[PDB]
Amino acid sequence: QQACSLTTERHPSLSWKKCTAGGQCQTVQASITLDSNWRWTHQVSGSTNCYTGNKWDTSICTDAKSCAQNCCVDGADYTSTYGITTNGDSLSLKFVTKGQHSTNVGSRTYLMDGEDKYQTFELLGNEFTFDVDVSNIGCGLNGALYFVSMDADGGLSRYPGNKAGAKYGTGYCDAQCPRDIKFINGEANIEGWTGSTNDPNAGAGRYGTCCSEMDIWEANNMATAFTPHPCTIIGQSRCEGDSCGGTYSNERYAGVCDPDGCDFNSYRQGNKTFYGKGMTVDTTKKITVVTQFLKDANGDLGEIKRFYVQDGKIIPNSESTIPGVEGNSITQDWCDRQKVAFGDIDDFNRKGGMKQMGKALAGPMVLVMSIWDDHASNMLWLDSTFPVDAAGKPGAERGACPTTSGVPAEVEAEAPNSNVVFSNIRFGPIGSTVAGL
């Protein structure tokens, strides 16, 4: 896609902390950008749209290549259109934002390093910490903070049809190989584009976009999970149709990425009252979330550890109480055993497991912060029983939300002003980001 400026693009400012041995930190003045899927997409000459509602203008976009060369994404009205606001070290994402002419649902944002590049993070051997307020996001919603192996320039140098780049939030990929992404590989994903059956603003195209994903935080006030997803191709790759994998079909595991990941959700792992509203990690108030990425003796990713801080108390991660699945952290052996115990296909191991994840963690990953609902599964995989059939067994119940929850139309009508606030990002070597740790 090209970039236009009918709307001046001003990345909202956000500071974060880069920490070093002993807990010294320096404040970095930075900013955020909106993902290209949410932007106004129109002809470079016109303001004639290339995409409206959930449909490409096929009288304008006649092929994937020319569509991206002749259409641009434009700047974003962060506050008024998207309900995206910052205040110092804090980023607030509102769920539904109604304007004069239209209503926006959800957002996905990236941390920037200057105007034209994403701030990359090399997680292996390091510790990523942030504060979060999930009190106002409930069943069926996800306020996510996570890492993906996107290109730092959003694909600008790899793909000549992409002139917008990281400045305009291009180049998204994740371990679900999503096919709803409008520009992939500098080409418009117009081929066989199918309007969503339930989302008036989304559709799905011929191609999907895959890459390694480390889900530090997929959460609402009822459930949270941290989940590495390895991919046999580390960085951003395009996949074709059903070979993509990542949906709930027979072809789920056919793509290069593990769409399930090896997940640690304390509720799912047998501690139903560790995390949630009124629980030990109490989602009705601000939480500090610490995630450490430990190397083994060979320098590979050996362990992923989680600690919380709330009201000054350091809370280690809940131990898993699932028989044969001992420990309060993610390791290869833990994952092997968890998959057996839950009866789940071990695609984590098949796609290279902890070691392959560590290959992505050793290199640059991009910080993603988003608020979204789930038109495919209603977020039941996060906070309810999933799949719905499987009710009475280890692994089935991931949170206390009823299986009625998460239908996008319902949550959008009943909780439009839902929001998540991410704040006080600190990143550095293990032991540098938080005192008493």
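Counting begins at 1, following the sequence as shown.
Set 310 to 318 against 193 to 201 and average the Cα temperature factors; 193 to 201 ends up higher.
Higher average CA B factor: 409 to 417, of the stretches 409 to 417 and 7 to 15.
Looking at 369, 60, 382, 401, the one whose CA carries the top B-factor in the deposited record is 60. Remark: of 326, 74, 127, 258, 326 shows the highest value [criterion: C-alpha B-factor in the PDB entry]. Remark: residue 153 belongs to the middle third of its chain, ranked by C-alpha B-factor as recorded.
Among the modelled residues of its chain, residue 49 has a C-alpha B-factor that falls in the highest third according to the deposited record. Ranked by Cα temperature factor within the chain, residue 226 sits in the lowest third according to the deposited record. Among the modelled residues of the chain, residue 215 sits in the lowest third by CA temperature factor in this PDB entry. Per the PDB record, residue ranking by Cα B-factor puts residue 169 in the lowest third of the chain.
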